[PDB]
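Source file: run_9.pdb (PDB, C-alpha atoms and all ligand atoms)
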```
ATOM      1  CA  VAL A   1      34.526   0.209 133.152
ATOM      2  CA  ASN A   2      35.120   3.287 130.908
ATOM      3  CA  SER A   3      35.181   7.158 131.147
ATOM      4  CA  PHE A   4      31.837   7.855 129.394
ATOM      5  CA  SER A   5      29.433   9.693 131.768
ATOM      6  CA  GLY A   6      25.728  10.648 131.724
ATOM      7  CA  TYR A   7      24.625   8.243 128.937
ATOM      8  CA  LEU A   8      21.244   6.512 128.855
ATOM      9  CA  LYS A   9      21.622   2.768 128.142
ATOM     10  CA  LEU A  10      19.461   1.674 125.170
ATOM     11  CA  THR A  11      20.714  -1.916 124.790
ATOM     12  CA  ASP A  12      23.467  -4.257 125.959
ATOM     13  CA  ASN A  13      25.971  -2.302 123.800
ATOM     14  CA  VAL A  14      24.419   1.043 122.705
ATOM     15  CA  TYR A  15      24.360   4.189 124.853
ATOM     16  CA  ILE A  16      23.064   7.701 124.007
ATOM     17  CA  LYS A  17      23.548  11.242 125.360
ATOM     18  CA  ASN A  18      22.538  14.816 124.420
ATOM     19  CA  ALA A  19      26.019  16.195 123.825
ATOM     20  CA  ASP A  20      28.270  18.043 121.400
ATOM     21  CA  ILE A  21      30.553  15.284 120.054
ATOM     22  CA  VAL A  22      33.429  17.802 119.874
ATOM     23  CA  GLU A  23      33.100  18.662 123.622
ATOM     24  CA  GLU A  24      32.601  14.995 124.482
ATOM     25  CA  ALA A  25      35.732  13.955 122.558
ATOM     26  CA  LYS A  26      37.763  16.746 124.209
ATOM     27  CA  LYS A  27      36.659  15.507 127.684
ATOM     28  CA  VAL A  28      36.912  11.689 127.217
ATOM     29  CA  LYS A  29      39.792  11.391 124.660
ATOM     30  CA  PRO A  30      38.241   8.154 123.454
ATOM     31  CA  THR A  31      40.315   5.571 121.573
ATOM     32  CA  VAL A  32      37.954   6.139 118.566
ATOM     33  CA  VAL A  33      35.778   9.091 117.562
ATOM     34  CA  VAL A  34      33.644   8.547 114.459
ATOM     35  CA  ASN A  35      33.382  11.300 111.842
ATOM     36  CA  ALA A  36      30.334  11.699 109.589
ATOM     37  CA  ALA A  37      32.540  11.817 106.512
ATOM     38  CA  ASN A  38      31.928  12.089 102.775
ATOM     39  CA  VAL A  39      33.864  10.104 100.145
ATOM     40  CA  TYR A  40      36.226  13.063  99.471
ATOM     41  CA  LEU A  41      36.935  13.630 103.200
ATOM     42  CA  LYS A  42      35.937  17.279 102.643
ATOM     43  CA  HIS A  43      35.044  18.278 106.205
ATOM     44  CA  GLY A  44      32.943  21.378 105.429
ATOM     45  CA  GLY A  45      29.933  21.228 107.706
ATOM     46  CA  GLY A  46      27.844  19.170 110.050
ATOM     47  CA  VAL A  47      29.740  16.909 112.430
ATOM     48  CA  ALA A  48      32.754  16.773 110.058
ATOM     49  CA  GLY A  49      33.099  20.545 109.851
ATOM     50  CA  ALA A  50      32.867  20.809 113.638
ATOM     51  CA  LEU A  51      35.425  18.041 114.309
ATOM     52  CA  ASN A  52      37.810  19.475 111.734
ATOM     53  CA  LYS A  53      37.461  23.028 113.156
ATOM     54  CA  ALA A  54      38.305  21.651 116.632
ATOM     55  CA  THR A  55      41.591  20.222 115.166
ATOM     56  CA  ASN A  56      42.516  23.664 113.735
ATOM     57  CA  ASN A  57      42.193  22.133 110.203
ATOM     58  CA  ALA A  58      44.810  19.412 110.899
ATOM     59  CA  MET A  59      42.127  16.765 110.161
ATOM     60  CA  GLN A  60      41.581  18.316 106.696
ATOM     61  CA  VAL A  61      45.343  18.498 105.970
ATOM     62  CA  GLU A  62      45.763  14.812 106.868
ATOM     63  CA  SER A  63      42.629  13.896 104.895
ATOM     64  CA  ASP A  64      43.799  15.673 101.754
ATOM     65  CA  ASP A  65      47.041  13.654 101.814
ATOM     66  CA  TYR A  66      44.977  10.422 102.329
ATOM     67  CA  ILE A  67      42.797  11.184  99.285
ATOM     68  CA  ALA A  68      45.764  12.212  97.123
ATOM     69  CA  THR A  69      47.309   8.771  97.843
ATOM     70  CA  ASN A  70      44.261   6.470  97.952
ATOM     71  CA  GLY A  71      41.416   8.197  96.104
ATOM     72  CA  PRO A  72      37.882   8.577  97.452
ATOM     73  CA  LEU A  73      36.201   6.268  99.947
ATOM     74  CA  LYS A  74      33.112   4.220  99.012
ATOM     75  CA  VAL A  75      29.658   5.185 100.301
ATOM     76  CA  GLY A  76      29.284   2.739 103.224
ATOM     77  CA  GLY A  77      33.063   2.606 103.682
ATOM     78  CA  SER A  78      35.563   4.033 106.140
ATOM     79  CA  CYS A  79      39.194   4.767 106.916
ATOM     80  CA  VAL A  80      41.119   5.140 110.159
ATOM     81  CA  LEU A  81      43.144   8.361 110.531
ATOM     82  CA  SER A  82      44.524  10.320 113.441
ATOM     83  CA  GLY A  83      42.215  11.613 116.160
ATOM     84  CA  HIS A  84      44.461  14.664 116.570
ATOM     85  CA  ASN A  85      43.594  16.483 119.827
ATOM     86  CA  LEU A  86      40.182  14.768 120.079
ATOM     87  CA  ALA A  87      40.859  11.002 120.289
ATOM     88  CA  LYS A  88      43.584   8.455 119.550
ATOM     89  CA  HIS A  89      41.988   7.642 116.180
ATOM     90  CA  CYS A  90      39.220   9.043 113.983
ATOM     91  CA  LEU A  91      37.144   6.496 112.088
ATOM     92  CA  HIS A  92      35.860   8.421 109.064
ATOM     93  CA  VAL A  93      32.633   6.638 108.048
ATOM     94  CA  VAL A  94      30.593   7.512 104.939
ATOM     95  CA  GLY A  95      26.890   7.068 105.428
ATOM     96  CA  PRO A  96      24.619   7.619 102.408
ATOM     97  CA  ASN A  97      23.639  11.246 101.832
ATOM     98  CA  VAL A  98      19.901  11.353 100.987
ATOM     99  CA  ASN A  99      20.411  14.984  99.671
ATOM    100  CA  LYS A 100      22.697  13.347  96.947
ATOM    101  CA  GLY A 101      20.186  10.470  96.254
ATOM    102  CA  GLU A 102      22.344   7.621  97.770
ATOM    103  CA  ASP A 103      20.818   4.210  98.672
ATOM    104  CA  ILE A 104      19.681   4.241 102.352
ATOM    105  CA  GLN A 105      20.363   0.408 102.432
ATOM    106  CA  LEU A 106      24.046   1.493 102.506
ATOM    107  CA  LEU A 107      23.468   2.775 106.053
ATOM    108  CA  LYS A 108      23.792  -0.781 107.437
ATOM    109  CA  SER A 109      27.114  -1.230 105.567
ATOM    110  CA  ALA A 110      28.299   2.104 107.059
ATOM    111  CA  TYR A 111      27.509   0.989 110.629
ATOM    112  CA  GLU A 112      29.250  -2.372 110.056
ATOM    113  CA  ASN A 113      32.567  -0.444 110.138
ATOM    114  CA  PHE A 114      31.970   0.217 113.842
ATOM    115  CA  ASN A 115      32.290  -3.539 114.580
ATOM    116  CA  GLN A 116      36.068  -3.331 113.900
ATOM    117  CA  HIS A 117      36.471  -1.234 117.093
ATOM    118  CA  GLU A 118      35.675  -2.392 120.634
ATOM    119  CA  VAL A 119      34.493   1.047 121.872
ATOM    120  CA  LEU A 120      33.546   4.200 119.905
ATOM    121  CA  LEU A 121      32.165   7.702 120.416
ATOM    122  CA  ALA A 122      29.937   8.393 117.393
ATOM    123  CA  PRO A 123      27.184  10.490 115.841
ATOM    124  CA  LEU A 124      24.126   8.991 114.203
ATOM    125  CA  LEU A 125      25.206   8.163 110.654
ATOM    126  CA  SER A 126      23.374   9.830 107.784
ATOM    127  CA  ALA A 127      21.545  12.181 110.230
ATOM    128  CA  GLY A 128      21.693  15.980 110.165
ATOM    129  CA  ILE A 129      22.755  17.419 106.811
ATOM    130  CA  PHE A 130      23.009  13.884 105.303
ATOM    131  CA  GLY A 131      19.190  13.914 105.187
ATOM    132  CA  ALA A 132      18.181  10.538 106.668
ATOM    133  CA  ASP A 133      15.604  10.027 109.436
ATOM    134  CA  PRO A 134      17.616   9.902 112.708
ATOM    135  CA  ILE A 135      15.049   7.476 114.218
ATOM    136  CA  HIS A 136      15.860   5.072 111.380
ATOM    137  CA  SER A 137      19.602   5.653 111.839
ATOM    138  CA  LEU A 138      19.350   4.728 115.540
ATOM    139  CA  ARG A 139      17.390   1.547 114.695
ATOM    140  CA  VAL A 140      20.035   0.468 112.121
ATOM    141  CA  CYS A 141      22.777   1.264 114.653
ATOM    142  CA  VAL A 142      21.196  -0.938 117.347
ATOM    143  CA  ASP A 143      20.520  -3.757 114.901
ATOM    144  CA  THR A 144      24.028  -3.647 113.281
ATOM    145  CA  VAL A 145      26.677  -2.556 115.801
ATOM    146  CA  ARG A 146      27.725  -5.259 118.266
ATOM    147  CA  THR A 147      30.650  -3.338 119.832
ATOM    148  CA  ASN A 148      30.145  -0.684 122.482
ATOM    149  CA  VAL A 149      28.944   2.575 120.953
ATOM    150  CA  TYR A 150      28.384   5.877 122.771
ATOM    151  CA  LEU A 151      26.144   8.081 120.605
ATOM    152  CA  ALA A 152      26.371  11.863 121.035
ATOM    153  CA  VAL A 153      23.347  13.953 119.842
ATOM    154  CA  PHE A 154      23.778  17.744 120.302
ATOM    155  CA  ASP A 155      20.142  18.639 119.390
ATOM    156  CA  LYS A 156      18.193  18.257 122.666
ATOM    157  CA  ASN A 157      14.809  18.143 120.959
ATOM    158  CA  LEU A 158      15.961  15.251 118.723
ATOM    159  CA  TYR A 159      17.627  13.452 121.665
ATOM    160  CA  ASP A 160      14.315  13.452 123.576
ATOM    161  CA  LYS A 161      12.407  12.222 120.509
ATOM    162  CA  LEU A 162      14.965   9.386 119.890
ATOM    163  CA  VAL A 163      14.664   8.188 123.513
ATOM    164  CA  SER A 164      10.864   8.523 123.751
ATOM    165  CA  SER A 165      10.298   6.634 120.449
ATOM    166  CA  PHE A 166      12.939   3.889 121.020
ATOM    167  CA  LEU A 167      11.560   0.356 120.851
TER     168      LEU A 167
HETATM  169  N1  LIG B 201      25.820  15.268 117.525
HETATM  170  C1  LIG B 201      26.756  16.345 117.317
HETATM  171  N2  LIG B 201      27.717  16.694 118.145
HETATM  172  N3  LIG B 201      28.357  17.736 117.601
HETATM  173  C2  LIG B 201      27.830  18.088 116.414
HETATM  174  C3  LIG B 201      28.162  19.109 115.480
HETATM  175  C4  LIG B 201      27.415  19.230 114.313
HETATM  176  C5  LIG B 201      26.353  18.353 114.073
HETATM  177  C6  LIG B 201      26.032  17.349 114.987
HETATM  178  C7  LIG B 201      26.784  17.225 116.175
END
```
Go ahead and express the file in the form of structure tokens.
Amino acid sequence: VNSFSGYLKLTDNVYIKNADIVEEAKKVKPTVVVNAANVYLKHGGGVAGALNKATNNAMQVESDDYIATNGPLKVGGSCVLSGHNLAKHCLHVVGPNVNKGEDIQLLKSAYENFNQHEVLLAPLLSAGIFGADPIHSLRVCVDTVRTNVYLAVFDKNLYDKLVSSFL
């Protein structure tokens, strides 16, 4: 049993809810929240900007030190950093950004990072300002992630379309 409430069950291991991931993290304090990161961990907008704002910029400060030491992530890659006030850990995952011309086949590699964690609160990778089709992102998630994933989708219209169209 876990703390996650109000989710629709899509599969054995994937759950979905219309929710602001920031407000959900604040309520649950999950072991892992996933950030929709870029390779530079520059948390300007989208999910990353919202998560970072909720940490009062502490996520960005920590991320800048990580990049100064390690250099950029790979598209499809990830790193584990602090969850600050939102979670124990933040898994920063880089999905391909279609608005930069990145290979959508890297979306499966991105979701494979989730399998290193037994339970996660996450957004749909490569959705929103990363430009991919969220219906496709949900299909790759279900067909790739084997651990227990709680997906938070703030847009209500999109949430209803994802559920209604789910095979
Ligand atoms: N699914 C989401 N929860 N919170 C967000 C903030 C920005 C973009 C997407 C989300």
Go through the shown structure with the PyMOL selection byres (((chain A and resi 34) around 7) and not hetatm) and write out the matching residues as a list in words.
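Those residues are residues 32, 33, 35, 36, 90, 91, 92, 93, 120, 121, 122 and 123 of chain A.
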Would you compute the box with edges along x, y and z of the file around ligand LIG 201 (chain B), including every atom the file lists for it and 8 Å extra on each side, and give its centre and edge lengths in Å to one decimal, as JSON?
```
{"center_x": 27.1, "center_y": 17.2, "center_z": 116.1, "size_x": 18.5, "size_y": 20.0, "size_z": 20.1}
```
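Every residue that the PyMOL selection byres (((chain A and resi 49-61) around 8) and not hetatm) selects in this file is listed here: residues 22, 35, 41, 42, 43, 44, 45, 46, 47, 48, 62, 63, 64, 65, 82, 83, 84, 85 and 86 of chain A.
Candidate residues A:109, A:5, A:31, A:157 were compared for distance to residue 88 of chain A, and the nearest is A:31, using all atoms listed in the file.
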Can you tell me which residues surround residue 166 of chain A at a distance of at most 9 Å, considering all atoms listed in the file, apart from same-chain residues fewer than 2 positions away, and format the answer as a ChimeraX atom specification?
/A:10,135,138-139,161-164
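Using only C-alpha atoms and all ligand atoms, the smallest distance between any of A:144, A:134, A:81, A:113 and ligand LIG 201 (chain B) comes from A:134.
If all atoms listed in the file are the atoms counted, then among A:102, A:12, A:112, A:160 the closest residue to residue 78 of chain A is A:112.
The smallest atom-to-atom distance between residue 158 of chain A and any of A:1, A:127, A:142, A:87, using all atoms listed in the file, is found for A:127.
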To test your reading of the syntax: which residues would the PyMOL selection byres (((chain A and resi 14) around 7) and not hetatm) return for the file shown? Reply as an MDAnalysis selection string.
chainID A and resid 9:13 15:16 142 148:150
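The nearest approach to ligand LIG 201 (chain B) among the residues A:111, A:7, A:40, A:159, with only C-alpha atoms and all ligand atoms taken into account, belongs to A:159.
Atom pair atom CA of residue 132 of chain A / atom CA of residue 79 of chain A: separated by 21.8 Å.
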Pick the closest to ligand LIG 201 (chain B) from A:126, A:3, A:116, A:70: which is it, counting all atoms listed in the file?
A:126
So how far away is atom CA of residue 167 of chain A from atom CA of residue 141 of chain A, in Å?
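Between these atoms lies a distance of 12.8 Å.
Put simply, atom CA of residue 153 of chain A is 24.1 Å away from atom CA of residue 101 of chain A.
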For residue 152 of chain A, please output as a list in words all residues within 6 Å (counting all atoms listed in the file; exclusion window: fewer than 5 positions along the same chain).
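My list of contacting residues is residues 17, 18, 19, 21 and 123 of chain A.
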